[PDB]
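S.K.: Just to be clear, this is only the beginning of the complex, oriented as in the whole thing:
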Amino acid sequence: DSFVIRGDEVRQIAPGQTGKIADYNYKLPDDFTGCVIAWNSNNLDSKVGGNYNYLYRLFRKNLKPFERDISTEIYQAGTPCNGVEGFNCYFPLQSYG
């Protein structure tokens, strides 16, 4: 499973480790066997002026281990907006920049 994350997110990528991004994007099972190889890519994934090609889920309603959620349907936190950007609902995707 290949992906790109930020600095402090390395700790959250671990079995049994809590975290907002780990609980919303990718979580390892409690009985996980295997491991993570993380390397710095400041000369490849960083561009002057801000690189906004990497996205992560921010708002969501649980997620099973090794579950993929490609759908980015709007999240309602409470009069429903009916899939329209505005109050009581926000876009679930955010860019690392």
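M.R.: The structure has been received and is ready for your questions. Numbering: from 1, shown residues only, chains lettered A, B, ... in the order given.

S.K.: show me the contacts for the residue located most distally from the centre of chain A.
M.R.: Most distant from the centre of chain A: residue A:79, at 27.0 Å, with distances by C-alpha atoms, centre = their mean. By C-beta atoms under 8 Å, 6 or more residues apart in numbering, the contact list for residue A:79 reads residue A:88. In this view, the C-beta of every residue, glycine as well, is placed from N, C-alpha and C.

S.K.: element containing it?
M.R.: Secondary structure assignment for residue A:79, by DSSP states H and E: no helix or strand.

S.K.: measure it to residue A:88 for me?
M.R.: Residue A:79 is 7 Å from residue A:88, where distance means C-beta to C-beta, to the nearest Å.

S.K.: In contact with residue A:52, which residues?
M.R.: Residues near residue A:52 by C-beta under 8 Å, 6+ apart: A:95-97.

S.K.: Report the beta-bridge partners for residue A:89.
M.R.: Partner residues in beta bridges with residue A:89, using DSSP bridges, are residue A:76, residue A:86.

S.K.: next one is chain B, place it on the structure:
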Amino acid sequence: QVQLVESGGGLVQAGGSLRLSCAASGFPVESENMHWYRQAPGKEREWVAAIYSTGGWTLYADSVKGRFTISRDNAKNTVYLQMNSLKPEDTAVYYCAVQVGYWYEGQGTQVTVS
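M.R.: Time to bring in chain B:
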């Protein structure tokens, strides 16, 4: 050769509207997520617009949210970018950037609001 061509730049007054156009050759519009950056005197270049594949899913910066428009001419692999309710602080040079490999930087266009 693969190249990006930008047109529609010019001088606009306060509160006006503009329609920039960035066209790409050698690859389709849906292949990669287009990006729009602006550079103004100060700290450094900053990002303003980006639209990703698999649907629109438009994202805008908080300072420019709800006032810019982006449209895609898929049949002619072009992106149109509409300024509405411009302010004098919006003066800057605009770049349209795509990725098909190594980073591609467009020439951009200078926009001043008076």
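
S.K.: again for the contacts of residue A:52, since chain B is there now?
M.R.: With contact taken as C-beta atoms under 8 Å, 6 or more residues apart in numbering or on different chains, residue A:52 is in contact with A:95-97, B:35, B:47, B:50, B:59.

S.K.: Which one of the residues in chain B is closest to chain A?
M.R.: residue B:45 (3.4 Å; C-beta to the nearest C-beta).

S.K.: Which residue, other than its chain neighbours, is closest to that residue?
M.R.: residue A:49 (3.4 Å; C-beta to C-beta, 6 or more residues apart in numbering or on different chains).

S.K.: Check the secondary structure at the one you found for me.
M.R.: coil (DSSP: H, G, I helix; E, B strand; the rest coil).

S.K.: Surely residue B:6 is within a helix?
M.R.: No - using three-state DSSP, the secondary structure at residue B:6 is strand, not a helix.

S.K.: What's the local residue count around it?
M.R.: By the criterion of other C-beta atoms under 10 Å in any protein chain shown, residue B:6 has 18 neighbours.

S.K.: Was I right to think it contacts residue B:93?
M.R.: No - Residue B:6 is beyond contact range of residue B:93, at 10.6 Å (criterion: C-beta atoms under 8 Å).
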